[PDB]
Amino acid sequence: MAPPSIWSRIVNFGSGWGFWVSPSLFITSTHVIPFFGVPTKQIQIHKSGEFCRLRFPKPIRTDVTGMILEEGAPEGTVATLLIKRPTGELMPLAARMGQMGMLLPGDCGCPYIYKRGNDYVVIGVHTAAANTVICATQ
């Protein structure tokens, strides 16, 4: 259901994963932050509570289109937790959810997506789980 281009946005970072919103915007969780060739000082790091945004002065992923990132998902939205594993396996997981989710480590940082019209929407990143799941917000 999620095309390869959106999977390619998910890239391993630190101890887990992160996600490309644009050629220059990259989101992840704070527990995986130990950058991509760019000095750690030439980046905007705006941590926001187990959620972190990284903005580079130059595009890094020019292959990637600008995708909408919202705070969360309206209650009842069936988001999709796109977990990647070190072996290369892709693990899509249907989550009912806007901040806490019900399914139907090193995974933290993987994004939450839900399709609205002919365009995808990011709503946060994987924070922790132990059927329960949690999604970090802006």
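Note that residue numbering follows the sequence shown and begins at 1.
Q: What number of residues from the deposited sequence go unmodelled in the gap from residue 45 to residue 46, classed as none, 1 to 3, 4 to 9, or 10 or more?
A: The entry has no unmodelled residues between residue 45 and residue 46.
Q: Count, per the entry, the deposited residues between residue 97 and residue 98 that are not modelled, and return the matching class: none, 1 to 3, 4 to 9, or 10 or more.
A: Count of unmodelled residues in between: 10 or more.
Q: Comparing 86-94 with 63-71, which has the greater mean CA B-factor as deposited?
A: Per the deposited B-factors, the answer is 63-71.
Q: Which is higher on mean Cα B factor in this entry, 37-45 or 74-82?
A: Comparing averages over the C-alpha atoms only gives 37-45.
Q: Between 113, 54, 103, 110, let me know which has the highest C-alpha B-factor in the entry?
A: That would be 54, according to the entry.
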